[PDB]
$ cat target-v6.txt   # compact mmCIF, C-alpha atoms
# COMPACT_ATOMS: atom_id res chain seq x y z
CA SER A 5 94.20 -90.63 19.88
CA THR A 6 91.72 -92.18 22.28
CA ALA A 7 94.17 -92.62 25.16
CA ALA A 8 92.49 -90.49 27.80
CA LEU A 9 88.99 -91.78 27.08
CA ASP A 10 90.17 -95.42 27.02
CA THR A 11 91.70 -94.87 30.48
CA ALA A 12 88.60 -93.06 31.77
CA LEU A 13 86.25 -95.85 30.61
CA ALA A 14 88.59 -98.65 31.92
CA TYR A 15 88.63 -96.87 35.31
CA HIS A 16 84.86 -96.39 35.20
CA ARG A 17 84.18 -100.02 34.34
CA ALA A 18 86.37 -101.33 37.15
CA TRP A 19 85.06 -98.82 39.71
CA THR A 20 81.39 -99.53 38.97
CA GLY A 21 82.19 -103.31 38.99
CA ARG A 22 83.77 -102.89 42.51
CA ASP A 23 87.10 -104.09 41.21
CA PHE A 24 88.93 -101.30 43.07
CA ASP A 25 92.48 -102.50 42.97
CA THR A 26 92.03 -102.51 39.19
CA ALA A 27 90.41 -99.06 39.11
CA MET A 28 93.25 -97.64 41.22
CA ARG A 29 95.76 -98.81 38.63
CA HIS A 30 94.45 -95.93 36.57
CA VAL A 31 94.77 -93.28 39.32
CA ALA A 32 97.88 -91.14 39.79
CA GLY A 33 99.42 -91.09 43.28
CA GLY A 34 99.05 -87.31 43.35
CA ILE A 35 95.50 -87.17 41.84
CA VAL A 36 93.57 -83.95 42.52
CA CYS A 37 89.82 -84.62 42.68
CA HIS A 38 87.25 -81.81 42.81
CA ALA A 39 83.97 -83.27 44.02
CA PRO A 40 80.67 -81.63 45.11
CA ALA A 41 81.63 -81.58 48.79
CA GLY A 42 85.14 -80.20 48.07
CA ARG A 43 88.74 -80.96 47.05
CA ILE A 44 90.48 -84.32 47.62
CA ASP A 45 94.25 -84.82 47.25
CA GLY A 46 96.20 -88.01 46.71
CA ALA A 47 95.32 -91.57 45.81
CA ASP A 48 94.72 -92.59 49.46
CA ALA A 49 92.12 -89.88 50.10
CA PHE A 50 90.69 -90.50 46.64
CA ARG A 51 90.22 -94.20 47.39
CA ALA A 52 88.54 -93.39 50.70
CA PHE A 53 86.00 -91.28 48.69
CA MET A 54 85.46 -93.48 45.57
CA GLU A 55 85.21 -96.85 47.25
CA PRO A 56 82.11 -96.08 49.49
CA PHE A 57 80.58 -94.39 46.45
CA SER A 58 80.92 -97.45 44.26
CA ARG A 59 79.36 -99.61 47.00
CA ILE A 60 76.13 -97.59 47.08
CA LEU A 61 75.80 -98.11 43.27
CA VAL A 62 73.50 -100.94 42.10
CA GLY A 63 73.48 -100.10 38.38
CA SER A 64 74.82 -97.54 35.93
CA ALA A 65 75.02 -96.71 32.23
CA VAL A 66 77.29 -94.39 30.27
CA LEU A 67 75.17 -91.70 28.57
CA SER A 68 77.94 -89.86 26.71
CA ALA A 69 81.74 -90.06 26.55
CA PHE A 70 84.36 -88.15 24.54
CA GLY A 71 88.00 -87.42 24.84
CA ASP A 72 91.32 -86.60 23.22
CA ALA A 73 94.94 -87.44 23.91
CA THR A 74 94.98 -86.07 27.47
CA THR A 75 91.44 -85.29 28.66
CA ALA A 76 88.11 -87.03 28.72
CA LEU A 77 84.58 -86.02 29.55
CA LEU A 78 81.83 -88.46 30.41
CA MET A 79 78.32 -88.52 31.80
CA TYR A 80 76.68 -91.65 33.27
CA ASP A 81 73.51 -92.54 35.09
CA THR A 82 73.71 -94.43 38.36
CA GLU A 83 71.10 -96.35 40.36
CA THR A 84 71.19 -96.50 44.21
CA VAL A 85 68.82 -97.80 46.91
CA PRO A 86 67.74 -94.37 48.28
CA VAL A 87 67.89 -92.54 44.96
CA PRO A 88 66.64 -94.36 41.81
CA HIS A 89 68.69 -92.18 39.40
CA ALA A 90 71.73 -90.14 40.40
CA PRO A 91 73.56 -89.14 37.20
CA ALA A 92 77.14 -87.83 37.36
CA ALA A 93 79.55 -86.13 34.97
CA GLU A 94 83.35 -86.37 35.13
CA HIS A 95 86.11 -84.36 33.52
CA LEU A 96 89.40 -86.34 33.62
CA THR A 97 92.99 -85.41 32.84
CA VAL A 98 95.17 -88.39 32.00
CA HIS A 99 98.98 -88.58 31.66
CA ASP A 100 100.75 -91.78 30.70
CA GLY A 101 97.71 -93.92 31.52
CA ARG A 102 97.03 -92.38 34.97
CA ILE A 103 94.22 -89.98 35.96
CA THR A 104 95.96 -86.92 37.43
CA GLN A 105 92.87 -84.69 37.79
CA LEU A 106 89.20 -85.55 38.15
CA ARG A 107 86.30 -83.10 38.51
CA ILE A 108 83.00 -84.84 39.28
CA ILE A 109 79.52 -83.23 39.38
CA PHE A 110 76.36 -84.76 40.80
CA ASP A 111 73.38 -83.46 42.74
CA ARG A 112 73.66 -84.28 46.47
CA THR A 113 70.13 -83.02 47.25
CA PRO A 114 68.23 -86.30 46.67
CA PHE A 115 70.55 -88.16 49.02
CA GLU A 116 70.28 -85.55 51.76
CA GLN A 117 66.47 -85.54 51.36
CA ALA A 118 66.28 -89.32 51.57
CA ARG A 119 68.65 -89.33 54.57
CA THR A 120 66.81 -86.63 56.51
CA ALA A 121 63.42 -88.21 55.70
CA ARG A 122 64.51 -91.67 56.94
CA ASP A 123 66.09 -90.27 60.14
CA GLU A 124 63.12 -88.07 61.19
CA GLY A 125 60.49 -90.59 60.01
CA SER B 5 81.73 -82.65 11.90
CA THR B 6 81.51 -80.13 14.71
CA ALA B 7 77.84 -79.26 14.17
CA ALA B 8 76.40 -80.27 17.52
CA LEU B 9 79.22 -78.74 19.55
CA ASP B 10 79.11 -75.48 17.54
CA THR B 11 75.37 -75.24 18.32
CA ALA B 12 75.89 -76.12 21.99
CA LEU B 13 78.61 -73.46 22.45
CA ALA B 14 76.62 -70.79 20.48
CA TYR B 15 73.62 -71.50 22.76
CA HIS B 16 75.84 -71.43 25.85
CA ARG B 17 77.47 -68.14 24.90
CA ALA B 18 74.14 -66.43 24.27
CA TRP B 19 72.50 -67.87 27.39
CA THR B 20 75.34 -66.87 29.72
CA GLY B 21 75.41 -63.40 28.02
CA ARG B 22 71.62 -63.02 28.75
CA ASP B 23 70.88 -62.76 25.06
CA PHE B 24 67.92 -65.14 25.39
CA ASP B 25 66.10 -64.56 22.16
CA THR B 26 69.38 -65.56 20.50
CA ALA B 27 69.88 -68.61 22.74
CA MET B 28 66.32 -69.78 22.01
CA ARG B 29 67.09 -69.78 18.29
CA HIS B 30 69.07 -72.90 19.06
CA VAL B 31 66.30 -74.68 21.03
CA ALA B 32 63.79 -77.03 19.41
CA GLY B 33 60.09 -76.31 20.05
CA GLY B 34 59.69 -79.81 21.47
CA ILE B 35 62.96 -79.84 23.53
CA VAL B 36 63.06 -82.41 26.35
CA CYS B 37 65.23 -81.18 29.24
CA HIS B 38 66.21 -83.41 32.16
CA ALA B 39 67.38 -81.19 35.00
CA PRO B 40 68.20 -81.94 38.68
CA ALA B 41 64.70 -81.08 39.88
CA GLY B 42 63.01 -83.12 37.10
CA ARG B 43 61.83 -83.23 33.46
CA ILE B 44 60.85 -80.14 31.42
CA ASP B 45 59.02 -80.33 28.07
CA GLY B 46 58.79 -77.76 25.32
CA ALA B 47 60.55 -74.52 24.53
CA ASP B 48 58.14 -72.42 26.66
CA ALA B 49 58.75 -74.41 29.85
CA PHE B 50 62.44 -74.61 28.97
CA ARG B 51 62.67 -70.82 28.68
CA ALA B 52 60.89 -70.39 32.01
CA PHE B 53 63.66 -72.58 33.58
CA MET B 54 66.79 -71.31 31.71
CA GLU B 55 66.10 -67.60 31.85
CA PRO B 56 66.01 -67.23 35.73
CA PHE B 57 69.08 -69.47 35.81
CA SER B 58 71.08 -67.25 33.50
CA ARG B 59 70.13 -64.19 35.58
CA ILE B 60 71.66 -65.60 38.78
CA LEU B 61 74.96 -66.14 36.87
CA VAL B 62 77.66 -63.46 37.27
CA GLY B 63 80.52 -65.31 35.55
CA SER B 64 81.30 -68.64 33.91
CA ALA B 65 84.02 -70.51 32.02
CA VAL B 66 83.90 -73.61 29.84
CA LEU B 67 86.10 -76.32 31.38
CA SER B 68 85.69 -79.01 28.72
CA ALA B 69 83.62 -79.43 25.55
CA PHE B 70 83.40 -82.20 22.93
CA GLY B 71 80.93 -83.35 20.40
CA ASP B 72 80.16 -85.09 17.13
CA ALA B 73 77.62 -84.63 14.37
CA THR B 74 74.55 -84.91 16.62
CA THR B 75 75.56 -84.78 20.30
CA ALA B 76 77.72 -82.63 22.49
CA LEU B 77 78.97 -82.82 26.03
CA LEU B 78 80.26 -79.86 27.99
CA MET B 79 81.21 -78.88 31.50
CA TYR B 80 81.46 -75.25 32.70
CA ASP B 81 82.00 -73.42 35.93
CA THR B 82 79.55 -70.72 36.98
CA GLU B 83 79.77 -67.94 39.57
CA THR B 84 76.67 -66.72 41.51
CA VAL B 85 76.10 -64.36 44.46
CA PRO B 86 75.13 -67.06 47.03
CA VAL B 87 77.42 -69.76 45.67
CA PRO B 88 80.93 -68.75 44.46
CA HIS B 89 81.33 -71.80 42.18
CA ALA B 90 78.45 -73.91 40.87
CA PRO B 91 79.78 -76.04 37.99
CA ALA B 92 77.37 -77.77 35.60
CA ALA B 93 77.61 -80.42 32.89
CA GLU B 94 75.29 -80.71 29.88
CA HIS B 95 74.66 -83.48 27.40
CA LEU B 96 72.95 -82.08 24.26
CA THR B 97 71.34 -83.71 21.25
CA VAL B 98 71.17 -81.45 18.21
CA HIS B 99 69.25 -81.94 14.94
CA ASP B 100 69.45 -79.44 12.11
CA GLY B 101 70.89 -76.73 14.36
CA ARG B 102 68.31 -77.10 17.17
CA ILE B 103 68.81 -78.68 20.62
CA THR B 104 66.17 -81.41 20.89
CA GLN B 105 67.35 -82.96 24.19
CA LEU B 106 69.34 -81.50 27.06
CA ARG B 107 70.38 -83.27 30.26
CA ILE B 108 71.97 -80.93 32.80
CA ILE B 109 73.68 -81.90 36.09
CA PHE B 110 74.62 -79.58 38.93
CA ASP B 111 74.62 -79.81 42.71
CA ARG B 112 71.61 -78.00 44.24
CA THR B 113 72.87 -78.45 47.82
CA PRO B 114 74.93 -75.23 48.09
CA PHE B 115 71.97 -73.14 46.95
CA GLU B 116 69.56 -74.79 49.38
CA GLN B 117 72.11 -74.35 52.20
CA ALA B 118 72.62 -70.68 51.39
CA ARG B 119 68.83 -70.16 51.09
CA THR B 120 67.96 -71.89 54.36
CA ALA B 121 70.83 -70.12 56.18
CA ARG B 122 69.72 -66.66 54.98
CA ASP B 123 66.03 -67.30 55.82
CA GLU B 124 66.60 -68.65 59.37
CA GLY B 125 69.45 -66.20 60.13
$ encode --input "target-v6.txt" --output "structure tokens"
Amino acid sequence: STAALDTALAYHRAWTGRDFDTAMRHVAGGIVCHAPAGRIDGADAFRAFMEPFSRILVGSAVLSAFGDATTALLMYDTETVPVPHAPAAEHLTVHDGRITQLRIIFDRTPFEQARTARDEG
Amino acid sequence: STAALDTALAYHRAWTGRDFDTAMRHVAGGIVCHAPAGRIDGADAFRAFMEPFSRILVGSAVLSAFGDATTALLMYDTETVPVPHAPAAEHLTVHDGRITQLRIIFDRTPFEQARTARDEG
């Protein structure tokens, strides 16, 4: 069974393509997201986090992706204006086609450095 | 085939247990490592990066791990003194029992925040 990975990649494709209503089809109402800045609960808060993220992306590529019947693990590169390469990894739990847990890891430092450098000159 | 994942987890176990000579058995002489601060080439430079890292770890747990014949993907939590939880994800390429490429993602921000806060009071 490929179910969880198929859901993870369908979500990822829609999210990176800024087709958010489609991406949110794959998100459980009670999703728990653990992200570098902290914990997010519920599809509404999740959307408020994911949507601005997708809109700073200007390219991406999946580097590695695996899963089984209920979990998936993937790593992808992203391109942004301030940071040329900002790779991320995600661990997803999926039940009946919906992501119920999502842990995402990426390095915030390059963004903070770009943002402080711009703002102080 | 589980070869790449078996190598990845054997490396991980030894590295987190501070058994570095054993961990380095699983590292190719010409390893290419892509880490948050940049690219590292060769087992000597890799050791100079991994060893100090292991020695700030005071606990860890594998959250997810998958692989096939030549690549593996894993995500693990770590505990440190300045940062209670610093999870990382690794994408490994493995040939004939040796890691020849390693991309690792973790968020440097909490460390930098702890380090600046300590040093300025």
$ residues_around --input "target-v6.txt" --residues "segment 54-65 of chain B" --least-positions-apart "5" --cutoff "7 Å" --atoms "only C-alpha atoms" --output "mmCIF file with C-alpha atoms, in the coordinates of the input"
data_model
loop_
_atom_site.group_PDB
_atom_site.id
_atom_site.type_symbol
_atom_site.label_atom_id
_atom_site.label_comp_id
_atom_site.auth_asym_id
_atom_site.auth_seq_id
_atom_site.Cartn_x
_atom_site.Cartn_y
_atom_site.Cartn_z
ATOM 1 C CA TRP B 19 72.500 -67.870 27.390
ATOM 2 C CA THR B 20 75.340 -66.870 29.720
ATOM 3 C CA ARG B 22 71.620 -63.020 28.750
ATOM 4 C CA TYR B 80 81.460 -75.250 32.700
ATOM 5 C CA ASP B 81 82.000 -73.420 35.930
ATOM 6 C CA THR B 82 79.550 -70.720 36.980
ATOM 7 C CA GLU B 83 79.770 -67.940 39.570
ATOM 8 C CA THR B 84 76.670 -66.720 41.510
#
$ residues_near_point --input "target-v6.txt" --point "(77.0, -79.1, 28.1)" --cutoff "8 Å" --atoms "all atoms listed in the file" --output "ChimeraX atom specification"
/B:12,69,76-80,92-96,108
$ atom_distance --input "target-v6.txt" --atom1 "atom CA of residue 99 of chain A" --atom2 "atom CA of residue 66 of chain B"
21.3 Å
$ atom_distance --input "target-v6.txt" --atom1 "atom CA of residue 103 of chain A" --atom2 "atom CA of residue 8 of chain A"
8.4 Å
$ calpha_fit_and_write --input "target-v6.txt" --fixed "chain A" --moving "chain B" --output "tab-separated table (two decimals) with C-alpha atoms, in the coordinates of the input"
chain	number	residue	atom	x	y	z
B	5	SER	CA	94.21	-90.63	19.88
B	6	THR	CA	91.72	-92.18	22.27
B	7	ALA	CA	94.17	-92.61	25.16
B	8	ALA	CA	92.49	-90.49	27.80
B	9	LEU	CA	88.99	-91.77	27.07
B	10	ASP	CA	90.18	-95.42	27.02
B	11	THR	CA	91.71	-94.87	30.49
B	12	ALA	CA	88.61	-93.06	31.77
B	13	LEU	CA	86.25	-95.85	30.61
B	14	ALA	CA	88.59	-98.65	31.91
B	15	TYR	CA	88.63	-96.88	35.31
B	16	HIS	CA	84.86	-96.39	35.20
B	17	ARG	CA	84.17	-100.02	34.34
B	18	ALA	CA	86.37	-101.32	37.15
B	19	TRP	CA	85.06	-98.82	39.70
B	20	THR	CA	81.39	-99.53	38.96
B	21	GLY	CA	82.19	-103.31	39.00
B	22	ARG	CA	83.77	-102.89	42.51
B	23	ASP	CA	87.10	-104.09	41.22
B	24	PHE	CA	88.92	-101.30	43.07
B	25	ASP	CA	92.48	-102.50	42.97
B	26	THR	CA	92.03	-102.52	39.19
B	27	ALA	CA	90.41	-99.06	39.11
B	28	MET	CA	93.25	-97.63	41.22
B	29	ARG	CA	95.76	-98.81	38.63
B	30	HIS	CA	94.45	-95.93	36.57
B	31	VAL	CA	94.77	-93.27	39.32
B	32	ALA	CA	97.88	-91.14	39.79
B	33	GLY	CA	99.43	-91.09	43.28
B	34	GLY	CA	99.05	-87.31	43.36
B	35	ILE	CA	95.50	-87.18	41.83
B	36	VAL	CA	93.57	-83.95	42.52
B	37	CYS	CA	89.82	-84.61	42.68
B	38	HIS	CA	87.25	-81.81	42.81
B	39	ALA	CA	83.97	-83.28	44.02
B	40	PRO	CA	80.67	-81.64	45.11
B	41	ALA	CA	81.63	-81.59	48.79
B	42	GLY	CA	85.14	-80.20	48.07
B	43	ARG	CA	88.75	-80.96	47.05
B	44	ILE	CA	90.49	-84.32	47.63
B	45	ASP	CA	94.26	-84.83	47.25
B	46	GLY	CA	96.20	-88.01	46.71
B	47	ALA	CA	95.32	-91.57	45.81
B	48	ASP	CA	94.72	-92.59	49.46
B	49	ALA	CA	92.11	-89.88	50.10
B	50	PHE	CA	90.69	-90.49	46.64
B	51	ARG	CA	90.22	-94.20	47.38
B	52	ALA	CA	88.54	-93.39	50.70
B	53	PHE	CA	85.99	-91.28	48.70
B	54	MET	CA	85.47	-93.48	45.57
B	55	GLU	CA	85.21	-96.85	47.25
B	56	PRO	CA	82.11	-96.08	49.49
B	57	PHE	CA	80.58	-94.39	46.45
B	58	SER	CA	80.92	-97.45	44.26
B	59	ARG	CA	79.37	-99.61	47.00
B	60	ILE	CA	76.13	-97.59	47.08
B	61	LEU	CA	75.80	-98.12	43.28
B	62	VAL	CA	73.50	-100.94	42.10
B	63	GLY	CA	73.48	-100.11	38.38
B	64	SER	CA	74.83	-97.54	35.93
B	65	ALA	CA	75.02	-96.71	32.23
B	66	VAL	CA	77.29	-94.38	30.28
B	67	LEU	CA	75.18	-91.71	28.57
B	68	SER	CA	77.94	-89.86	26.71
B	69	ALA	CA	81.74	-90.06	26.56
B	70	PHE	CA	84.37	-88.15	24.55
B	71	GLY	CA	88.00	-87.42	24.84
B	72	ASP	CA	91.32	-86.59	23.22
B	73	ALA	CA	94.94	-87.44	23.91
B	74	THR	CA	94.98	-86.08	27.47
B	75	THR	CA	91.44	-85.30	28.66
B	76	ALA	CA	88.11	-87.03	28.72
B	77	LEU	CA	84.58	-86.02	29.55
B	78	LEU	CA	81.82	-88.45	30.41
B	79	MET	CA	78.32	-88.52	31.80
B	80	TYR	CA	76.68	-91.65	33.27
B	81	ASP	CA	73.52	-92.54	35.08
B	82	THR	CA	73.71	-94.43	38.37
B	83	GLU	CA	71.10	-96.36	40.36
B	84	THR	CA	71.19	-96.49	44.21
B	85	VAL	CA	68.82	-97.80	46.91
B	86	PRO	CA	67.74	-94.37	48.28
B	87	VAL	CA	67.89	-92.54	44.96
B	88	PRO	CA	66.65	-94.36	41.81
B	89	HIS	CA	68.68	-92.19	39.40
B	90	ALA	CA	71.73	-90.14	40.40
B	91	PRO	CA	73.56	-89.14	37.20
B	92	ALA	CA	77.14	-87.83	37.36
B	93	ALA	CA	79.55	-86.13	34.97
B	94	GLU	CA	83.35	-86.37	35.13
B	95	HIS	CA	86.11	-84.36	33.52
B	96	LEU	CA	89.40	-86.33	33.62
B	97	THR	CA	92.99	-85.41	32.84
B	98	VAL	CA	95.17	-88.39	32.00
B	99	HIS	CA	98.98	-88.58	31.65
B	100	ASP	CA	100.75	-91.79	30.70
B	101	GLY	CA	97.71	-93.92	31.53
B	102	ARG	CA	97.03	-92.38	34.97
B	103	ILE	CA	94.22	-89.98	35.96
B	104	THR	CA	95.96	-86.92	37.42
B	105	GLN	CA	92.87	-84.69	37.79
B	106	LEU	CA	89.20	-85.54	38.15
B	107	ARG	CA	86.30	-83.11	38.52
B	108	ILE	CA	83.00	-84.83	39.27
B	109	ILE	CA	79.52	-83.23	39.38
B	110	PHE	CA	76.36	-84.75	40.80
B	111	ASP	CA	73.38	-83.45	42.75
B	112	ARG	CA	73.65	-84.28	46.48
B	113	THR	CA	70.13	-83.02	47.25
B	114	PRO	CA	68.23	-86.30	46.67
B	115	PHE	CA	70.56	-88.16	49.02
B	116	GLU	CA	70.28	-85.55	51.76
B	117	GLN	CA	66.47	-85.54	51.35
B	118	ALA	CA	66.27	-89.32	51.56
B	119	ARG	CA	68.65	-89.33	54.58
B	120	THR	CA	66.81	-86.63	56.51
B	121	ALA	CA	63.42	-88.21	55.70
B	122	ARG	CA	64.51	-91.67	56.93
B	123	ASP	CA	66.09	-90.27	60.14
B	124	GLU	CA	63.13	-88.06	61.19
B	125	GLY	CA	60.49	-90.59	60.02
$ atom_distance --input "target-v6.txt" --atom1 "atom CA of residue 53 of chain B" --atom2 "atom CA of residue 107 of chain A"
25.4 Å
$ build_atoms --input "target-v6.txt" --residues "segment 87-104 of chain B" --atoms "N, CA, C and O atoms" --output "mmCIF file, in the frame of the given file"
data_model
loop_
_atom_site.group_PDB
_atom_site.id
_atom_site.type_symbol
_atom_site.label_atom_id
_atom_site.label_comp_id
_atom_site.auth_asym_id
_atom_site.auth_seq_id
_atom_site.Cartn_x
_atom_site.Cartn_y
_atom_site.Cartn_z
ATOM 1 N N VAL B 87 76.530 -68.615 45.795
ATOM 2 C CA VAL B 87 77.420 -69.760 45.670
ATOM 3 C C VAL B 87 78.566 -69.352 44.749
ATOM 4 O O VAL B 87 78.343 -69.199 43.543
ATOM 5 N N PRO B 88 79.795 -69.266 45.269
ATOM 6 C CA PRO B 88 80.930 -68.750 44.460
ATOM 7 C C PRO B 88 81.198 -69.557 43.222
ATOM 8 O O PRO B 88 81.539 -68.974 42.175
ATOM 9 N N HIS B 89 81.065 -70.890 43.306
ATOM 10 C CA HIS B 89 81.330 -71.800 42.180
ATOM 11 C C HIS B 89 80.242 -72.855 42.144
ATOM 12 O O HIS B 89 80.092 -73.613 43.106
ATOM 13 N N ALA B 90 79.528 -72.938 41.037
ATOM 14 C CA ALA B 90 78.450 -73.910 40.870
ATOM 15 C C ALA B 90 78.641 -74.507 39.472
ATOM 16 O O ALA B 90 78.057 -74.050 38.496
ATOM 17 N N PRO B 91 79.525 -75.482 39.329
ATOM 18 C CA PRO B 91 79.780 -76.040 37.990
ATOM 19 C C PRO B 91 78.614 -76.902 37.503
ATOM 20 O O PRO B 91 77.862 -77.468 38.299
ATOM 21 N N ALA B 92 78.446 -76.978 36.179
ATOM 22 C CA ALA B 92 77.370 -77.770 35.600
ATOM 23 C C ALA B 92 77.907 -78.578 34.422
ATOM 24 O O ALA B 92 78.891 -78.188 33.785
ATOM 25 N N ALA B 93 77.262 -79.697 34.118
ATOM 26 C CA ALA B 93 77.610 -80.420 32.890
ATOM 27 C C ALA B 93 76.331 -80.636 32.083
ATOM 28 O O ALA B 93 75.246 -80.837 32.670
ATOM 29 N N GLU B 94 76.449 -80.590 30.737
ATOM 30 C CA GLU B 94 75.290 -80.710 29.880
ATOM 31 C C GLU B 94 75.586 -81.701 28.782
ATOM 32 O O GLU B 94 76.662 -81.645 28.148
ATOM 33 N N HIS B 95 74.589 -82.558 28.505
ATOM 34 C CA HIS B 95 74.660 -83.480 27.400
ATOM 35 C C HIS B 95 73.558 -83.041 26.433
ATOM 36 O O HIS B 95 72.380 -83.019 26.825
ATOM 37 N N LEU B 96 73.918 -82.660 25.205
ATOM 38 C CA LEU B 96 72.950 -82.080 24.260
ATOM 39 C C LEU B 96 72.817 -82.971 23.041
ATOM 40 O O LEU B 96 73.807 -83.502 22.527
ATOM 41 N N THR B 97 71.594 -83.102 22.552
ATOM 42 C CA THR B 97 71.340 -83.710 21.250
ATOM 43 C C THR B 97 70.872 -82.617 20.324
ATOM 44 O O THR B 97 69.978 -81.842 20.679
ATOM 45 N N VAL B 98 71.404 -82.589 19.100
ATOM 46 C CA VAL B 98 71.170 -81.450 18.210
ATOM 47 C C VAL B 98 70.801 -81.996 16.846
ATOM 48 O O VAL B 98 71.527 -82.842 16.316
ATOM 49 N N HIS B 99 69.675 -81.538 16.286
ATOM 50 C CA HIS B 99 69.250 -81.940 14.940
ATOM 51 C C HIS B 99 68.961 -80.683 14.162
ATOM 52 O O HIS B 99 68.217 -79.815 14.632
ATOM 53 N N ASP B 100 69.625 -80.563 13.014
ATOM 54 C CA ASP B 100 69.450 -79.440 12.110
ATOM 55 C C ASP B 100 69.582 -78.116 12.846
ATOM 56 O O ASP B 100 68.755 -77.222 12.706
ATOM 57 N N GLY B 101 70.605 -78.002 13.690
ATOM 58 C CA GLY B 101 70.890 -76.730 14.360
ATOM 59 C C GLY B 101 70.057 -76.429 15.595
ATOM 60 O O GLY B 101 70.160 -75.324 16.130
ATOM 61 N N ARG B 102 69.165 -77.325 16.007
ATOM 62 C CA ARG B 102 68.310 -77.100 17.170
ATOM 63 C C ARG B 102 68.542 -78.181 18.219
ATOM 64 O O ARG B 102 68.651 -79.372 17.870
ATOM 65 N N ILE B 103 68.646 -77.758 19.487
ATOM 66 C CA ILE B 103 68.810 -78.680 20.620
ATOM 67 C C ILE B 103 67.471 -79.358 20.875
ATOM 68 O O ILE B 103 66.474 -78.695 21.184
ATOM 69 N N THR B 104 67.428 -80.690 20.701
ATOM 70 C CA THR B 104 66.170 -81.410 20.890
ATOM 71 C C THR B 104 66.130 -82.147 22.222
ATOM 72 O O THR B 104 65.033 -82.509 22.677
#
